[PDB]
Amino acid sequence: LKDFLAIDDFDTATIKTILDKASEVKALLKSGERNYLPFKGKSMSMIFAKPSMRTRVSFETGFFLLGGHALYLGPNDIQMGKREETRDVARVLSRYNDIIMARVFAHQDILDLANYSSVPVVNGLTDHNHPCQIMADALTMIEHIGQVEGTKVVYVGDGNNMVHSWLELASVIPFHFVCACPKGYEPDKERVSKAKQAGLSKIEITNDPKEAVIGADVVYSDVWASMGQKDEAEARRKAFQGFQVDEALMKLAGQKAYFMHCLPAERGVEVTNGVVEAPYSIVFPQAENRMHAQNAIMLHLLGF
């Protein structure tokens, strides 16, 4: 496959190989050495439909550390969908660059970019999913717990793009994934069903977070109103009463539970300060691993 649009576009063995390579190249960089430059003479255009810190800095810095040059095309720079159609952007950038990263709104825009591009496309977040984040999260789990297989991962909050990529991972690695969400804020039904069809993981959707978290290896949260839906924050506050991850919830989860959050976090909304800053919080190692997982994904896509 040419592109990295969803984790479960790939098989188990391939995903595990990418995660192994992620550890290997991370260790090389951590050693302080800077003479492994496989991307020398290669370029990446990064299309962003909305501003970013983690995705932007991790991709641009990682690509540089492996020898290439990433271009930042911000929202107003190329105005994809206003000034110019996706299919034309894809066909132009494919003639200049070796790979394209895109963070878009409608998922169909990333499918269109992939379909019309002759070079690989990497998904940097859409309204539907966030595969590179979950790949990083899998690496983080491997480093802290030992493995993803057989763990219990409990997401608390909105059934959103992050939950969809957790469901992708649950389609290629066998674990127990729970989404504790308010009624009416479930993840997409087809995405849940596709994970169940894979037959690897125990998948549960529940409205009771206090029961869901018990025995977790990971309690995961995210904002209740995502980029592109910030005008909905107030009604969601009401619907999401009881879904804040606070110290009491982490105590219910138990002593082996780590806290994870893709970031940015809104303290006092989906999570408390005390949770973010607790010893069991691994949000900053988690953020770092965006660069290491993505480096391995790009290596894979470019034939290394």
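Just count from 1 along the sequence shown to find any residue number.
*Asks:* Averaged over C-alpha atoms, is the B-factor higher for 259-267 or for 235-243 in this PDB entry?
*Replies:* Looking at the recorded C-alpha B-factors, 235-243 comes out higher on average.
*Asks:* Given the B-factors recorded for C-alpha atoms, which segment has the greater mean, 150-158 or 78-86?
*Replies:* 78-86 has the higher mean C-alpha B-factor.
*Asks:* Which listed residue, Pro131, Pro120, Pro187, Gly228, has the largest C-alpha temperature factor in the record?
*Replies:* Result of the comparison over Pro131, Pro120, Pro187, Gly228: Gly228.
*Asks:* Among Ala248, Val57, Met46, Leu66, where is the Cα B factor highest in this entry?
*Replies:* In this record, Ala248 carries the highest C-alpha B-factor of the candidates.
*Asks:* Ranking the modelled residues of this chain by C-alpha B-factor as given in the entry, is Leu19 in the lowest, middle or highest third?
*Replies:* Middle third.
*Asks:* Compared with the other modelled residues in the chain, in which third is the CA B-factor of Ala13?
*Replies:* As the PDB entry reports it, the C-alpha B-factor of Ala13 lands in the highest third of its chain.
*Asks:* Among the modelled residues of its chain, does the C-alpha B-factor of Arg34 lie in the lowest, middle or highest third?
*Replies:* Middle third, going by the recorded CA B-factors of the chain.
*Asks:* Among the chain's modelled residues, which third holds the C-alpha B-factor of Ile145?
*Replies:* Its C-alpha B-factor, which the entry lists for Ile145, ranks in the highest third among residues of this chain.
*Asks:* Sorting the chain's CA B-factors, does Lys40 end up in the lowest, middle or highest third?
*Replies:* It falls in the middle third of the chain.
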